[PDB]
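Take a look at the structure set out below.
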Amino acid sequence: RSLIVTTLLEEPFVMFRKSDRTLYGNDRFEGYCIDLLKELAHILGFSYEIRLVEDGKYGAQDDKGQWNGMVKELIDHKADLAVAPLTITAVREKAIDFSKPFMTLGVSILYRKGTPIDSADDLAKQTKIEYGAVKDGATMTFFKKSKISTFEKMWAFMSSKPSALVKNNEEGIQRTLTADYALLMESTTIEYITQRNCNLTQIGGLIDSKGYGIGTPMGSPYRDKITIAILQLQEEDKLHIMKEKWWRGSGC
Amino acid sequence: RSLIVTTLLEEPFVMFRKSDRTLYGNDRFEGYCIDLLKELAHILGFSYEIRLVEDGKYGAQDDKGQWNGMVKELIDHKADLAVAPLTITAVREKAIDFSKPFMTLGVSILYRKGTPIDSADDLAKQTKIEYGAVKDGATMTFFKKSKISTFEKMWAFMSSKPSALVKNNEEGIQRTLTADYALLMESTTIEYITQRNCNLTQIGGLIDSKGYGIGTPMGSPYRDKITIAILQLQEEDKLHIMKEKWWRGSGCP
Ligand SMILES: C=C(C)[C@H]1CN[C@H](C(=O)O)[C@H]1CC(=O)O
Ligand SMILES: C=C(C)[C@H]1CN[C@H](C(=O)O)[C@H]1CC(=O)O
Ligand SMILES: [Cl-]
Ligand SMILES: [Cl-]
Ligand SMILES: [Cl-]
Ligand SMILES: [Cl-]
Ligand SMILES: [Zn+2]
Ligand SMILES: [Zn+2]
Ligand SMILES: [Zn+2]
Ligand SMILES: [Zn+2]
Ligand SMILES: [Zn+2]
Ligand SMILES: [Zn+2]
Ligand SMILES: [Zn+2]
Ligand SMILES: [Zn+2]
Ligand SMILES: [Zn+2]
Ligand SMILES: [Zn+2]
């Protein structure tokens, strides 16, 4: 029957479609994840209703070990699928069932062009340029629990200045534009921003290796079917075209 | 009880360990996948027995849909785990339960250095340079089902001369060394070969994006446990160090 699909707004994955008419239901949304959900609903033959997550969060754990965001929706069996740039992490995989990744990525640095910073070590060995990440995101949680010396130096920097942690990508991008601040952001979002903001660039390569997956409740019968469908999309280059359609900007 | 682990020999993943004593059991084997297998047993707390797959094949389907190799071992519940460079494909994922990939890779070209070839289009636009892939492998299945014009053209060439398809990576490497032949090989194996034979090189980038996974029987309780352990190993850069250990060589200039 109809699956409840939890998600949230994040360019270019899930966005509100601009129109002169008032949009209702699933017609309100467009983006990479919306196209991916349409492909899956057709290959697997199911209908769905898209519902934005109320708190607008992806999924993090509090002091009592309770989750929030889309991860909490899947745990409480209030949603059947989560289509969003939801990073596959070991701690999240213990709570929900991730499909195999439909997109691979890694953490990198976003900062303005013309800067003596070339790697992550350059940001760690100085203080004039502030840096941070989205609070309670997969990138921040990666640095908080990391044991590599270079990243803990960064975590000490982020944990000392609470301002360094931004609320969302929008605040992080604007602070990179207005102040001497470099945002630790996932590589796929960097590609999107740089082709559209011709003053921002990527600094260094990818420091780690992660992927975006589609969340399901633990034990869901759709997880493996979606995984097989995602793999079929990969082998026929459908995800390559799907990304190129949503990542190309007005050039620089 | 001890989990049966099926595998096969493939450098540098699974190799015979050299020793002055005659080795028995799991002590006979070493390599990337053996190190990965030891870490998983340490994190998940299980014992295991390594058994080389008898037919020496990874896993392919015939016309009737019947499997062979390690994939057949997991289907028939004759092995509990499959630790090897087993490429995650949709057709294989329909038969067994893959863990999430511990290594990402793609299809590229292995060929001699002195050639004005730069991309897959250069191989398609000629016929004197023979090319192919391992028969019944994941790379061959990629070209057979491709709809991109360049990749369809190469598959027609491979289907024309059945000799072009080699039996294994060794025969394909040896043919690349002895003849005017370019082997379509997975990128991880190319990195290993190029650092040791300074006449072979990688041509162009990655044609697709796939990963090596650990196979389990359909419905196995260890699949998600192994996935979580692999994700934990990934977040600590342990798989990166593990690769650099077995992927080093001399380093051709
Ligand atoms: C945009 C946000 C807050 C999300 C997107 N993927 C990560 C996640 O799924 O947690 C977050 C970014 C990051 O942590 O670098
Ligand atoms: C070494 C061999 C024959 C294996 C390794 N992974 C692929 C597989 O799992 O099918 C094969 C290589 C290839 O297809 O080019
Ligand atoms: Cl929007
Ligand atoms: Cl999985
Ligand atoms: Cl502060
Ligand atoms: Cl050997
Ligand atoms: Zn339809
Ligand atoms: Zn339920
Ligand atoms: Zn393509
Ligand atoms: Zn393209
Ligand atoms: Zn260990
Ligand atoms: Zn330990
Ligand atoms: Zn059985
Ligand atoms: Zn069994
Ligand atoms: Zn690394
Ligand atoms: Zn390194």
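Scheme for the structure tokens: letters A, B, ... for chains in order shown; per-chain residue numbers from 1; ligand numbers from 1 in order shown.
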(request) Find the spatial neighbours of stretch 140-145 of chain A, counting only C-alpha atoms, within a cut-off of 6 Å - ignore same-chain residues fewer than 5 positions away - and output them as number ranges by chain. (result) A: 133, 151, 155
Can I get the selected residues back with C-alpha atoms, as a PDB file, in the first residue's frame?
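This is the output file result_7.pdb:
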ATOM      1  CA  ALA A 133      30.607  22.006  10.798  1.00  0.00           C
ATOM      2  CA  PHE A 151      40.869  15.678  13.452  1.00  0.00           C
ATOM      3  CA  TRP A 155      37.406  18.975  17.324  1.00  0.00           C
TER       4      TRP A 155
END
(request) Using only C-alpha atoms, find the residues of chain A whose closest atom to chain B is at most 6 Å away, then write them as a VMD selection string. (result) chain A and resid 90 228 231 to 232
Please, could you write that set of residues out with N, CA and C atoms as a PDB file, in the first residue's frame?
ATOM      1  N   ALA A  90      27.969   4.084  11.155  1.00  0.00           N
ATOM      2  CA  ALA A  90      27.842   2.864  11.945  1.00  0.00           C
ATOM      3  C   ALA A  90      26.809   3.024  13.053  1.00  0.00           C
ATOM      4  N   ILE A 228      18.523  -3.524  -4.299  1.00  0.00           N
ATOM      5  CA  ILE A 228      18.665  -4.142  -5.615  1.00  0.00           C
ATOM      6  C   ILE A 228      18.291  -3.152  -6.711  1.00  0.00           C
ATOM      7  N   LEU A 231      21.104  -0.653  -7.095  1.00  0.00           N
ATOM      8  CA  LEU A 231      22.198  -1.276  -7.831  1.00  0.00           C
ATOM      9  C   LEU A 231      21.887  -1.366  -9.320  1.00  0.00           C
ATOM     10  N   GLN A 232      20.631  -1.663  -9.670  1.00  0.00           N
ATOM     11  CA  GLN A 232      20.245  -1.691 -11.079  1.00  0.00           C
ATOM     12  C   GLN A 232      20.366  -0.310 -11.711  1.00  0.00           C
TER      13      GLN A 232
END
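With only C-alpha atoms and all ligand atoms as the atoms that count, the set of residues no farther than 6 Å from ligand 2 is residues 58, 85, 86, 87, 134, 137, 138, 139, 168, 169, 185 and 186 of chain B.
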Output for the residues just chosen: N, CA and C atoms as a PDB file, in the first residue's frame:
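Once everything was written out, this is result-v1.pdb:
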ATOM      1  N   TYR B  58      33.934 -17.147  -8.834  1.00  0.00           N
ATOM      2  CA  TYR B  58      33.305 -16.205  -7.914  1.00  0.00           C
ATOM      3  C   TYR B  58      31.799 -16.429  -7.830  1.00  0.00           C
ATOM      4  N   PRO B  85      37.380 -10.572  -3.168  1.00  0.00           N
ATOM      5  CA  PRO B  85      36.974  -9.409  -3.970  1.00  0.00           C
ATOM      6  C   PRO B  85      35.729  -9.697  -4.792  1.00  0.00           C
ATOM      7  N   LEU B  86      34.610  -9.925  -4.109  1.00  0.00           N
ATOM      8  CA  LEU B  86      33.348 -10.270  -4.755  1.00  0.00           C
ATOM      9  C   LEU B  86      32.587  -8.981  -5.045  1.00  0.00           C
ATOM     10  N   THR B  87      32.484  -8.632  -6.324  1.00  0.00           N
ATOM     11  CA  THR B  87      31.862  -7.376  -6.719  1.00  0.00           C
ATOM     12  C   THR B  87      30.368  -7.409  -6.425  1.00  0.00           C
ATOM     13  N   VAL B 134      37.653 -10.840 -18.143  1.00  0.00           N
ATOM     14  CA  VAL B 134      37.520 -12.179 -17.584  1.00  0.00           C
ATOM     15  C   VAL B 134      36.131 -12.718 -17.897  1.00  0.00           C
ATOM     16  N   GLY B 137      32.734 -12.773 -15.566  1.00  0.00           N
ATOM     17  CA  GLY B 137      32.955 -11.881 -14.447  1.00  0.00           C
ATOM     18  C   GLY B 137      31.983 -10.715 -14.416  1.00  0.00           C
ATOM     19  N   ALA B 138      32.113  -9.908 -13.358  1.00  0.00           N
ATOM     20  CA  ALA B 138      31.260  -8.733 -13.208  1.00  0.00           C
ATOM     21  C   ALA B 138      31.560  -7.671 -14.258  1.00  0.00           C
ATOM     22  N   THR B 139      32.814  -7.579 -14.708  1.00  0.00           N
ATOM     23  CA  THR B 139      33.162  -6.595 -15.729  1.00  0.00           C
ATOM     24  C   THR B 139      32.550  -6.961 -17.076  1.00  0.00           C
ATOM     25  N   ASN B 168      40.792 -15.995 -16.367  1.00  0.00           N
ATOM     26  CA  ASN B 168      41.000 -15.374 -15.067  1.00  0.00           C
ATOM     27  C   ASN B 168      41.907 -14.162 -15.238  1.00  0.00           C
ATOM     28  N   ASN B 169      42.139 -13.455 -14.127  1.00  0.00           N
ATOM     29  CA  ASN B 169      42.974 -12.260 -14.169  1.00  0.00           C
ATOM     30  C   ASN B 169      44.402 -12.585 -14.583  1.00  0.00           C
ATOM     31  N   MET B 185      39.865  -4.419 -16.693  1.00  0.00           N
ATOM     32  CA  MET B 185      40.119  -4.939 -15.360  1.00  0.00           C
ATOM     33  C   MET B 185      39.659  -3.928 -14.319  1.00  0.00           C
ATOM     34  N   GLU B 186      39.310  -4.434 -13.139  1.00  0.00           N
ATOM     35  CA  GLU B 186      38.866  -3.569 -12.057  1.00  0.00           C
ATOM     36  C   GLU B 186      40.034  -2.755 -11.512  1.00  0.00           C
TER      37      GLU B 186
END
With the cut-off set at 12 Å and counting only C-alpha atoms and all ligand atoms, tabulate each residue of chain B with an atom at most that distance from an atom of ligand 13, showing the nearest atom pair and its distance in Å to one decimal, ordered by chain and increasing number, as CSV.
residue,atom,partner,partner_atom_place_in_ligand_line,distance
B:73,CA,ligand 13,1 (Zn),10.9
B:74,CA,ligand 13,1 (Zn),9.5
B:75,CA,ligand 13,1 (Zn),8.8
B:76,CA,ligand 13,1 (Zn),7.0
B:77,CA,ligand 13,1 (Zn),4.8
B:78,CA,ligand 13,1 (Zn),7.7
B:79,CA,ligand 13,1 (Zn),9.5
B:80,CA,ligand 13,1 (Zn),9.6
B:217,CA,ligand 13,1 (Zn),8.9
B:218,CA,ligand 13,1 (Zn),10.1
B:219,CA,ligand 13,1 (Zn),10.4
B:220,CA,ligand 13,1 (Zn),10.1
(request) With a distance cut-off of 10 Å and only C-alpha atoms, select the neighbouring residues of residue A:4, excluding the residue or stretch itself and same-chain residues fewer than 3 positions from it, and output the selection as a ChimeraX atom specification. (result) /A:1,7,47-51,77-82
(request) Enumerate as a PyMOL selection string the residues within 10 Å of ligand 12, counting only C-alpha atoms and all ligand atoms. (result) chain B and resi 39+42-43
(message) Can you pull out the residues contacting residue A:65? Cut-off 12 Å, using only C-alpha atoms, and skip same-chain residues under 6 positions away; I want them as an MDAnalysis selection string.
(response) chainID A and resid 59 72 91:92 95
(message) Neighbouring residues of ligand 9 are defined here as those with any atom at most 12 Å from a ligand atom, counting only C-alpha atoms and all ligand atoms; list them as a ChimeraX atom specification.
(response) /A:233-245 /B:146-151,206-209
(request) Using only C-alpha atoms and all ligand atoms, find each residue with an atom at most 9 Å away from ligand 3 and format the answer as a VMD selection string. (result) chain A and resid 9 to 12 14 to 18 29 to 30
(message) Neighbours of ligand 15 at 8 Å or closer, counting only C-alpha atoms and all ligand atoms: which residues, as a PyMOL selection string?
(response) (chain A and resi 207-209) or (chain B and resi 237-241)
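Closest approach to residue B:223 among A:97, A:167, A:34, A:123: A:97, based on only C-alpha atoms.
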